[PDB]
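Before any questions on how it binds or moves, here is one chain, the form deposited in one PDB entry, in structure tokens.
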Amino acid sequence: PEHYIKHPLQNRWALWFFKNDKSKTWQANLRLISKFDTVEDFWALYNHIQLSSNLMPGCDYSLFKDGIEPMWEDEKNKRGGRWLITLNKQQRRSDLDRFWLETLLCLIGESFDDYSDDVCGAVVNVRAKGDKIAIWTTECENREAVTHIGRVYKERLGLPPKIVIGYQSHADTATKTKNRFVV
């Protein structure tokens, strides 16, 4: 195999940044950082930007398929939901960056086999109360696809069987949250 060709990704992805320093409306604080559709370009971007652990509390990164905005209101997210990884304060140091990188690799590598098309993106929230990472999927009622994605993710993060993770619909998250599924 020749080596002058970049390694294309199945999807083009968009990286977004959030910091609550521009507007009192949530959506106006989102910044598109960049888009990429090869492995080499992914790494160029990843190597240029801060580790999640070095961001100020209140910031997010989001990696979404190009065409899907990183918000509940997108056509591909409104009926969807997320698998949620909740981290304690000490895990900012031990696990946040490695879990986020593994999440990015899961996404860009199409690691969910028959159900990769149900994946919309992923979000990391750096927060003083405890950081969160999540994979967002398009349809909270597809039990088979959602459960499969969760099991892949748990395996890729190396979480043991006694650590249970939960899936919440965005419709439930947005209302004033219960798990629809656990793995």
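Note that residue numbering begins at 1 and tracks the sequence as displayed. In this text, the rigid core denotes the largest set of C-alpha atoms whose superposition between the two forms falls within 1.5 Å. Shifts are known only where both forms have a C-alpha.
What comes next is about the form deposited in another entry, which does not appear here.
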* Asked: Hey, does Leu51 budge by 2 Å or more at the Cα between the shown form and the other one once the core is superposed?
  -> yes
Shown form as baseline, in the other form, CA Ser52-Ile49 shift of 3 Å or more puts them closer
Working note: in the other form the C-alpha atoms of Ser52 and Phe64, off by 3 Å or more, come farther
Moved regions between the shown form and the other one after rigid core superposition (C-alpha shift of 2 angstroms or more, 3 or more residues per run) are 21-23, 50-54
